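Protein chains in written order, with the entry's author numbering: chain A, 32 to 139, 150 to 185, 185A to 185B, 186 to 309, 312 to 321, 321C, 322 to 354, 356 to 406, 409 to 505; chain K, 196 to 248; chain B, 522 to 547, 569 to 664; chain L, 522 to 547, 569 to 664; chain G, 522 to 547, 569 to 664. Notes follow once the structure below has been shown.
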Amino acid sequence: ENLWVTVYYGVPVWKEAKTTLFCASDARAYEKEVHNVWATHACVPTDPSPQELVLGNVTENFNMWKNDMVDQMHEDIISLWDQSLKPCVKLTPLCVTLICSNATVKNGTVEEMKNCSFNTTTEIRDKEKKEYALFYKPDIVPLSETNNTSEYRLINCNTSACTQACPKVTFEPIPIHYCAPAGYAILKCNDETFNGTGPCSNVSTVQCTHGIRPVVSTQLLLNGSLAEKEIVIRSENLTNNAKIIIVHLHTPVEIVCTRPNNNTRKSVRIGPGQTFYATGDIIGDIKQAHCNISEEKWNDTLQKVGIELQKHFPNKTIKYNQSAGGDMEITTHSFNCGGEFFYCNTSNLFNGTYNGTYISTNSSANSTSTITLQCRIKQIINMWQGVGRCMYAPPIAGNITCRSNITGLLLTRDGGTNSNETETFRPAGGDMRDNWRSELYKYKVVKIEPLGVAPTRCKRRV
Amino acid sequence: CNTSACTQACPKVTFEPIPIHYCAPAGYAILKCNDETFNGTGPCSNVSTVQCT
Amino acid sequence: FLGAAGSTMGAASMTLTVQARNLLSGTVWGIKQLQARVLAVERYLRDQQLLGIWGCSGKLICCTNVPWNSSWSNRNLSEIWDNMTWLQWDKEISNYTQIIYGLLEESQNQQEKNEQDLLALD
Amino acid sequence: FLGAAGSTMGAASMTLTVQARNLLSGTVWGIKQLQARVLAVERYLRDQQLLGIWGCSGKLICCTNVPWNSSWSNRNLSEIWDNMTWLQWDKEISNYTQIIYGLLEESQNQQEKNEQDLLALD
Amino acid sequence: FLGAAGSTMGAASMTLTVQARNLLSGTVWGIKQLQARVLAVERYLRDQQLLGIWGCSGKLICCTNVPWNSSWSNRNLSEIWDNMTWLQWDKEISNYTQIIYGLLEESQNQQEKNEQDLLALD
Ligand SMILES: *[C@@H]1O[C@H](CO)[C@@H](O[C@@H]2O[C@H](CO)[C@@H](O[C@@H]3O[C@H](CO[C@H]4O[C@H](CO)[C@@H](O)[C@H](O)[C@@H]4O)[C@@H](O)[C@H](O[C@H]4O[C@H](CO)[C@@H](O)[C@H](O)[C@@H]4O[C@H]4O[C@H](CO)[C@@H](O)[C@H](O)[C@@H]4O[C@H]4O[C@H](CO)[C@@H](O)[C@H](O)[C@@H]4O)[C@@H]3O)[C@H](O)[C@H]2NC(C)=O)[C@H](O)[C@H]1NC(C)=O
Ligand SMILES: *[C@@H]1O[C@H](CO)[C@@H](O[C@@H]2O[C@H](CO)[C@@H](O[C@@H]3O[C@H](CO)[C@@H](O)[C@H](O[C@H]4O[C@H](CO)[C@@H](O)[C@H](O)[C@@H]4O)[C@@H]3O)[C@H](O)[C@H]2NC(C)=O)[C@H](O)[C@H]1NC(C)=O
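Structure below.
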């Protein structure tokens, strides 16, 4: 019997391709005012359902490191954030000669912050007035061409100009659901041991992704999701030491940070109408800003990450080392907390090692042991490199706490030599692409092609 | 100088009330109540439709 | 949405309407979301163009008046229809879809011209 | 545009095409007017989706192969048709339109599959 | 795209599908390009509106149940169809296209109403 071509519509057929993507928000921003924050006003309302629609017989490729969605969200966040700072004051009347503090107390036997005073363009243009405020040390630079220490400057005025984040906005990581426009499908990889490349044998589809946390953080991925079964490790290729290596945790290590200086808010005003905020007198006796982690949890989790590294390096044992130097933004763990921008020295979390021997760390014999990290504070955030950088984070009154869960470590295998049989890993820097990519490995968007062609025994009438 | 900053309305513009016709995009209908003593709530018994107000 | 994916063609022959229906979502935020809201509308009307000009007004199981040249598959109908699933199928026959579209175009237009031979006869 | 509004169903059975035609207007001023210019185009193609998948390619007076379950109205045909006007009818029958859409979907798809049953016989 | 332009009507009766197909192009730069991207999509659906409501679901060579009033041309069929070309023809017949659209509307709607006279008879 003869055969005629027959066209089928409504077919499932896929092609991975670039596409614009919605933003959809969860319920915990719709109680605020409009634009406090973007998720309440711009992003479309979500829907909890449908859940992941299981697929009976699928077989799909999943390259994660070339996933375009990171770029489609990197540019999204850069465009969104840089538009959020538009209406606020563009500082500019602060690039002024700061003539300031008296002698430091007891030559650094103190958790110091420096006081400074300066001349401002008051509400009348040509009748300027003197004013006093205080700043944390990283945001002041010596000015004088000589050794003279009397006169100081903001760390800007050499880089681009700045703007003050308005008090209206909030930095809390409101989750964002990504949803593809109609005509595209979000396919979710579900292979529990998926490393990052190759196929996913069990795959599903969803209308919109489950909410991701957009939190900025360099060395530790705060407030993240959890691996369902076990610790897993990812890289584009482990042979390249320069590549970032992500680690994802099953058991969440609990981290708590605080800045117990009872910092107080002050409201200077600049030119017509628009205010500028700065730290006033500290009430109380000053104390260091710090972060706390339970020691037994960290030891057990680091040893378990040791065995997971040994799964790819059974030939060699594992050591951990201090960061790879550089400036402040790259050396230290830096994460946002309630309004401030914490920066924390990470040496005390990366000084252990593992040599095959899993020690009897748990169950707890005495839970009182806790490690401590010394933490500095900043206000002038050179936020992304070459972006229109310096945001001024306003100083927030009252003492703050950011009790949170660690869920992923960004590391780098050392660029050493001498054929060490106990190879060592450092904390990595954080490209925020890499921060966001770690929480987004599960998803891929595919083009739907609902036109079909196949043979069938038909012959239409004439 | 105590409130926000200002701007000068340019001499080019004019403040005369040029009338505005509100018109709905295609797919919607502007319905006009025509009861001569419609108080403001309840039904209107005599009603029409217009392309643009 | 995609329950028919992976399964064989005969099993996939139904729930096509569900696969066709899903081309609607959203609300506007600026130019880029409006760019997403012109959406697959251009794609949807492109598919409508292709299927209508092949004589298939409406989306259905439209068979045609072009014989299936066996060089496109060189595989029997029964082994294919009962066992194969569409993904590797679309990957393979991509070598032939374009000339197939041309043949559908010319066949449908020739048939439509021949309508006048009867439609001017009555 | 709306001459049939209010009047009974039989009187409203004509001038339907006028009410179908009016989906065109405007010129662009910025994003919001362009948002108005994507218009009911999405609504128009949504209606096209619904009525094309129900076999009614080209909007018409389309009757289907689904029997009218009397539980939806429990009213005689003549009393509804000669006397009722559609507004309260749509308000009341809104309790049943969704399952009606499902029934139209399955009935049309089953009928369309039966085209292959007949047309593979020739 | 336009090979049929200039030539006579009979020669231009083919390659119509080519000229109908070409309604797709581009990538977005801002509001004005997006205004170009709503494109003839509104024009395309206007033509779909006109031809679908004239019963011509799926663009074709559609002849209708309205007799050709000779006052529109007062020229023989053969002299027009074999020799004339569509440009000056469109320029001349523009005096009559509007009432022709009205006649097509009423004729098709009357025919569609008469479908119920048979479709309620079976
Ligand atoms: C960060 O650094 C900034 C600077 O870089 C610090 O801010 C500055 O700090 C300065 C030092 O404290 C302060 O200077 C003040 O000057 C006042 C004089 O004001 C003059 O100018 C104004 C403006 O035109 C005039 O109106 C005014 O009449 C003056 O001419 C002083 O009054 C301040 O000192 C008072 O407090 C100290 C204690 O700390 C006392 O020793 C001193 O005597 C003053 O107290 C008397 O006066 C108050 C009223 O002001 C009376 O109520 C009180 O009872 C005292 O009375 C004396 O006299 C009576 C008899 O009259 C007598 O019986 C009694 O026993 C007392 O002796 C102060 O010196 C700057 O103003 C300030 N900058 C600004 C912008 O305000 C900032 O603190 C630093 N912050 C941190 C955290 O480090
Ligand atoms: C500013 O700094 C102060 C001082 O450091 C800080 O106050 C302290 O906060 C801790 C946070 O954990 C409090 O810890 C307690 O921990 C016990 C467990 O042993 C909990 O049971 C307590 O909470 C429950 O019980 C309370 C009644 O006992 C309830 O009132 C409460 O709502 C909970 O149900 C409690 O969290 C600690 O008690 C306080 N106070 C002191 C003196 O340490 C404060 O939180 C900091 N400010 C901010 C904004 O964080």
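We treat Cβ as the ideally placed atom computed from N, Cα and C, and that holds for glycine.
Check	Outcome
By DSSP, does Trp35(A) sit in helix, in strand, or in coil?	strand
Rounded to whole angstroms, what is the Cα-Cα separation between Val608(L) and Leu645(L)?	7 angstroms
What first and last residue would you give for the beta strand (DSSP E) that runs through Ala578(G)?	No beta strand (DSSP E) contains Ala578(G), which is instead part of the alpha helix (DSSP H) from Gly572 to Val580.
Please output, in chain order, the residues near ligand 2 using a CB cut-off of less than 5 angstroms to any non-hydrogen atom of the ligand.	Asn442(A) and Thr444(A)
Under 9 angstroms, do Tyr217(A) and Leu537(B) count as touching if we go by C-beta distance?	no
Please name the residues in the segment 197–208 of chain K whose beta-carbon is closer than 9 angstroms to at least one beta-carbon of chain A, in chain order.	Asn197, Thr198, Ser199, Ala200 and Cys201
Is the beta carbon of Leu416(A) closer than 9 angstroms to that of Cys385(A)?	yes
Does the beta carbon of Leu587(L) sit closer than 9 angstroms to a beta carbon anywhere in chain K?	no
In angstroms with no decimal places, state the Cα-to-Cα distance between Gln650(L) and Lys601(B).	11 angstroms
Rounding to the nearest angstrom, what Cα-Cα distance links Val89(A) and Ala224(A) in this structure?	14 angstroms
So, at 6 angstroms on beta carbons, what are the nonlocal neighbours of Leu116(A) in its own chain, with the 5 sequence-adjacent residues on each side left out?	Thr202
Taking one C-beta from the segment 524–543 of chain G and one from the segment 522–537 of chain L each time, how about it: are there three or more such pairs within less than 8 angstroms?	no
Excluding the 5 residues flanking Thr290(A) on each side, which residues of the same chain have their C-beta closer than 7 angstroms to its C-beta?	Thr341
Report yes if the C-beta distance between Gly531(G) and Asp624(G) is below 9 angstroms; otherwise report no.	yes
Tell me which same chain residues have a C-beta within less than 8 angstroms of the C-beta of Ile635(G), skipping the five on either side of it?	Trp614 and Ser615
Tell me, which residues are paired with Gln328(A) by DSSP?	None; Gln328(A) has no bridge partner.
Which partner residues does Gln417(A) have in the DSSP bridge list?	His330(A)
Please tell me whether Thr450(A) and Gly263(A) are closer than 9 angstroms, where the distance is taken between their beta carbons.	yes
Taking beta-carbon pairs under 7 angstroms, can you tell me which members of the segment 569–602 of chain B lie near chain L?	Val570, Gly572, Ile573, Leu576, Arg579, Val580, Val583, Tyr586, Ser599, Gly600, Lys601 and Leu602
For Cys247(K), which residues in the same chain have their Cβ closer than 6 angstroms to its Cβ, ignoring the five residues on either side in sequence?	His216 and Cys218
Which residues share a DSSP beta bridge with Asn92(A)?	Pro238(A)
For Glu211(A), which three-state DSSP category applies?	coil
What does the Cβ neighbour count give for residue 494(G), buried or exposed, with the cut at 16 atoms within 10 Å?	Because chain G here runs from 522 to 664, residue 494(G) falls outside it and cannot be looked at.
With distances taken from CA atoms, which of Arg419(A), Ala281(A), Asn409(A) and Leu349(A) is nearest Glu335(A)?	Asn409(A)
In chain order, what residues of the same chain have a beta carbon less than 8 angstroms from the beta carbon of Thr402(A), not counting five sequence neighbours either side?	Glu336, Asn339, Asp340 and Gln343
Just curious, the beta strand (DSSP E) that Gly495(A) is in, first and last residue?	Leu494 to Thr499
In whole angstroms, give me the CA-to-CA distance for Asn637(L) and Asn241(K).	29 angstroms
Using a threshold of 9 angstroms, state whether the C-beta atoms of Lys360(A) and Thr465(A) are closer than that.	yes
Once the 5 residues before and after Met104(A) are set aside, which same chain residues still bring their CB inside 7 angstroms of it?	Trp479
What residue from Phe382(A), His330(A) and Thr387(A) has the CA that sits closest to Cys418(A)'s CA?	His330(A)
Terminal residues of the continuous alpha helix (DSSP H) containing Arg585(L)?	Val583 to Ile595
What in chain K is Cβ-close to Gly41(A), meaning under 8 angstroms?	Within chain K, no residue comes near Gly41(A); the closest Cβ sits about 27 angstroms away, beyond 8 angstroms.
Out of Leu663(G), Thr529(G), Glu654(G) and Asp664(G), point me to the one whose CA is closest to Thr606(G)'s CA.	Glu654(G)
What are the boundary residues of the alpha helix (DSSP H) that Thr536(L) is part of?	Counting along the chain, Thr536(L) falls outside any alpha helix (DSSP H), and DSSP gives it neither H nor E.
In whole angstroms, what is the alpha-carbon distance linking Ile595(B) and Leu265(A)?	52 angstroms
Under the three-state reduction of DSSP, which class applies to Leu129(A): helix, strand or coil?	strand
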